[PDB]
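Cβ sites come from the backbone with ideal geometry, for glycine too, and all protein chains shown count toward neighbours. No lab work stands behind these numbers, since they all come straight from the coordinates.
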Ligand SMILES: *[C@@H]1O[C@H](CO)[C@@H](O[C@@H]2O[C@H](CO)[C@@H](O[C@@H]3O[C@H](CO)[C@@H](O)[C@H](O)[C@@H]3O)[C@H](O)[C@H]2NC(C)=O)[C@H](O)[C@H]1NC(C)=O
Ligand SMILES: *[C@@H]1O[C@H](CO)[C@@H](O[C@@H]2O[C@H](CO)[C@@H](O[C@H]3O[C@H](CO)[C@@H](O)[C@H](O)[C@@H]3O)[C@H](O)[C@H]2NC(C)=O)[C@H](O)[C@H]1NC(C)=O
Ligand SMILES: *[C@@H]1O[C@H](CO)[C@@H](O[C@@H]2O[C@H](CO)[C@@H](O[C@H]3O[C@H](CO)[C@@H](O)[C@H](O)[C@@H]3O)[C@H](O)[C@H]2NC(C)=O)[C@H](O)[C@H]1NC(C)=O
Ligand SMILES: *[C@@H]1O[C@H](CO)[C@@H](O)[C@H](O)[C@H]1NC(C)=O
């Protein structure tokens, strides 16, 4: 069942015990943090063997 | 939404539980307020019915 990804992340925030408004008001920051974390995963894999 | 998700059939808006389509009128009881309109990406305009107002309207 399709759902907008921001809405899914709000569902997951509810799952961990945080209200949806936190995600909907910090969406830009959360997306930037996730993207930076994925980039750091890239760097860690491409450097550490 | 307190619990559930906002949906629209095309003209009107409702709040329903996520796992079963049971549309309901968006009221103050079904929802909670947080902040203003300028910070949420994808917010839409719609009236939020106040269950208390018609009771006081008959009072008036
Ligand atoms: C809660 O935590 C986040 C960090 O995860 C804070 O966001 C960070 O806030 C600082 C200052 O606003 C940002 O630093 C700025 O970076 C820009 C980059 O162009 C730079 O020009 C500024 O001079 C400044 O150094 C930082 O980037 C930002 N981090 C992310 C991932 O966006 C947030 O401010 C904290 N909020 C509260 C209420 O504590
Ligand atoms: C999306 O949901 C809306 C709520 O069900 C719906 O609006 C409703 O449409 C029906 C007509 O099909 C109305 O039903 C009433 O129709 C007459 C109008 O006076 C009454 O006499 C009847 O007894 C019956 O109650 C609803 O009143 C009307 N609800 C509202 C708030 O206007 C939309 O039609 C739905 N949109 C689509 C595309 O399906
Ligand atoms: C959702 O509801 C909002 C409020 O009804 C509405 O924002 C309103 O948008 C109109 C025009 O887009 C603004 O009307 C005036 O805007 C400027 C002032 O900055 C004037 O120069 C114009 O001539 C016009 O008179 C309203 O000021 C503005 N209301 C608020 C509180 O900012 C949104 O457009 C609605 N969103 C959607 C998708 O319909
Ligand atoms: C969703 O997609 C349409 C076009 O694909 C776009 O106009 C709209 O801005 C998008 N919604 C949001 C909240 O960005």
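If you check B:20, B:32 for being under 23 Å from residue A:9 (Cβ atoms) and within 11 Å of the chain's Cα centre (by Cα), only one passes: B:32. Cβ separations smaller than 7 Å between residues 6+ apart or across chains give the following pairs from the range A:18-30 residues that are closer than 11 Å to residue B:40 by Cα to residues that are within 16 Å of ligand 3 (Cβ to nearest atom) and not in a helix (DSSP H, G or I): A:21/B:35; A:24/B:40; A:25/B:35; A:25/B:39; A:25/B:40; A:27/B:41. Among residues of the range B:41-52 that are within 14 Å of chain A (Cβ to nearest Cβ), those with a Cβ under 8 angstrom from a residue that is more than 14 Å from ligand 2 (Cβ to nearest atom), sequence gap 6+ or separate chain, pair up as B:41/A:6; B:41/A:24; B:41/A:27; B:42/A:4; B:42/A:6; B:43/B:37.
So is residue B:47 at negative phi, part of a loop (DSSP other than H, G, I, E, B) and within 12 Å of ligand 2 (Cβ to nearest atom) or not? When the stated conditions are applied, residue B:47 passes them.
Within the set B:3, B:22, the sole residue that is over 16 Å from residue A:20 (Cβ atoms), part of a loop (DSSP other than H, G, I, E, B) and without any contact (Cβ under 8 Å) to a residue 24 or more places away in the chain turns out to be B:22. Considering only residues in the range B:10-31 that are within 20 Å of residue B:43 (Cβ to Cβ) and within 12 Å of another protein chain (Cβ to nearest Cβ), the one that is nearest to ligand 1 (Cβ to nearest atom) turns out to be B:31.
If you go through the range B:1-17 and pick out every residue that is loosely packed, with under 13 Cβ neighbours inside 10 Å and under 19 Å from residue A:12 (Cβ atoms), you end up with 2.
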